[PDB]
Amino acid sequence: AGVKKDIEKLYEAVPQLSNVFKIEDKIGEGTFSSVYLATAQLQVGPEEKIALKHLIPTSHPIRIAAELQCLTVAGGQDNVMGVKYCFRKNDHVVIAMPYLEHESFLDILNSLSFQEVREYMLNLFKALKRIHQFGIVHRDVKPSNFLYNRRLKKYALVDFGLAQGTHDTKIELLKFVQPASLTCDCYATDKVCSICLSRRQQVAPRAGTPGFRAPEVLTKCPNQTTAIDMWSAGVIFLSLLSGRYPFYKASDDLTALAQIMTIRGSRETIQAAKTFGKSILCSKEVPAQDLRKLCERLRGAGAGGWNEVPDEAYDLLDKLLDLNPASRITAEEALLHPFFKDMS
C-alpha cells in the first residue's frame, strides 16, 4: 500500500515512464535512492525486466551526472552494473538498468559452500579492480550493493551515488562532486581541557553504511583512497566466513571503531592509526582475535567444505582487514592471492 503509493507518485514525477514501463515492486532503498522492478519491451529483443532507480530530488546535478558517468564509462563489464537509459523531469531522475534476479545475502549466508564463497569474492574483486582502474572510490561496498545470482553465477556491483574520485580519476565529473587551535597537554591522555574542547571539528568524507567503514574513515582521515573499498570487501568476507550478518552493529562511528578493535586489537589499531595521523587512546586494552578461531567459532565448523577452510582464506582476510590503508591489499593483488588457486 505504501509501495503502491510510491509507485503511483513515481509515474507522476516522471510521466514518460508510464508509456515505457510497468512498475511492479520496490526492490531496494537507500539514503539517496529507491529502486523498482519494472517490465519493458525491447525494440529488437524480447521482454526484459528492468531496475528503475529514482534518485532523491535533492541530488545535485553534478552528482547525478557523475553517477551516470561511472555507469557508462566503467560499468557494463567485469561485474560492474551498466546503464540502459535515463529519464528526467525537472529534479526527478530515473536510471534504467538491467534487472538481475539476486539472492538475499542474509537468507543464503549459511546455505553457501566454501567454493561459492571463493567464487563470490573472486567476482567482487573483478568488479573492484574495474572501478579502481578508473579511479572510482565507491564508498558503499556492502552486500546490498553487490547483486549475486547463485544459479547463474552472475554478479553486479551497483550504486555509484556515493562515489568519490581519486586524484587521477578517469571519471571527470567525480572531480567536481561536492578561532585558531592551540596545542595542549591533554594529548594522548584521558584529559580534557578548554583548549582541545574549543577547537573546530575535523571534517572528512564518511558517506557510506554503518559497519562497513574502514578505520581511516571512522577516524576522519582526510586522505581516503580505494583502500576503503577493500576494507568493505573484507567485511563482506568476514560475514561469509563467520556466518554473521550484519557483522558489526554500531549506531555511530566510534562504536564501530570499538567493535573493530575487539576483532583486530586495540594496540594494533592504535599503531596503524598513528601512520595516518590519528592518535587513538583506549581506556582498556583489547587483544586481537585469531581470525580462523573467531570465524569458525561464530559459524560453527560444519558441512560445505567448512570443516577444512584453508589458511589462505584467513590470510586473505587479514590483508583485506589490514588496519593500515597503505599496506592493505588492492583488488588487482587480491585476484593474484593463492586463496584463488585452481580458478584462473
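Between two forms, the rigid core is the largest collection of C-alphas that superpose within 1.5 Å. The numbering used is simple: start at 1 and walk along the sequence shown.
Asker: Between 209-217 and 133-141, report the one with more C-alpha displacement in 6 other deposited structures of this protein relative to this form after a rigid core superposition.
Answerer: Relative to the shown form, the greater RMS C-alpha distance in 6 other deposited structures of this protein belongs to 209-217.
Asker: Between 112-120 and 169-177, which has its CA atoms farther from the current form in 6 other deposited structures of this protein, using a rigid core superposition?
Answerer: With the rigid core superposed, the C-alphas that lie farther in 6 other deposited structures of this protein are those of 169-177.
Asker: What does the record say about the segment between residue 201 and residue 202: how many deposited residues are without coordinates (none, 1 to 3, 4 to 9, 10 or more)?
Answerer: Missing residues, residue 201 to residue 202: none.
Asker: Comparing 237-245 with 103-111, where is the mean C-alpha B-factor higher?
Answerer: Result of the comparison: 103-111.
Asker: Taking only the CA atoms, which stretch has the higher mean B-factor in the record, 322-330 or 6-14?
Answerer: So the stretch with the higher mean C-alpha B-factor is 6-14.
Asker: Between 53, 284, 299, 278, which one tops the list for C-alpha B-factor in the PDB entry?
Answerer: Answer for 53, 284, 299, 278: 284, with the highest C-alpha B-factor.
Asker: From the list 142, 139, 130, 170, select the residue with the highest C-alpha B factor recorded in the entry.
Answerer: Checking the PDB record, the top C-alpha B-factor among 142, 139, 130, 170 is at 170.
Asker: Split into thirds by Cα B-factor across the chain's modelled residues, where does residue 87 land: lowest, middle or highest?
Answerer: Ranked within chain, residue 87 CA B lands in the middle tercile.
Asker: Mind checking which third residue 179 falls in for C-alpha B-factor across the chain?
Answerer: Ranked within chain, residue 179 CA B lands in the highest tercile.
Asker: Sorting by Cα B-factor within the chain, modelled residues only, which third would residue 312 end up in: lowest, middle or highest?
Answerer: Residue 312: CA B-factor falls in the middle third of its chain.
Asker: When the deposited Cα B-factors of this chain's modelled residues are ordered and cut into thirds, is residue 150 in the lowest, the middle or the highest one?
Answerer: Tercile = highest for this residue's CA B-factor.
Asker: Sorting by Cα B-factor within the chain, modelled residues only, which third would residue 268 end up in: lowest, middle or highest?
Answerer: For residue 268, whose C-alpha B-factor we compare with every modelled residue in the chain, the answer is the middle third.
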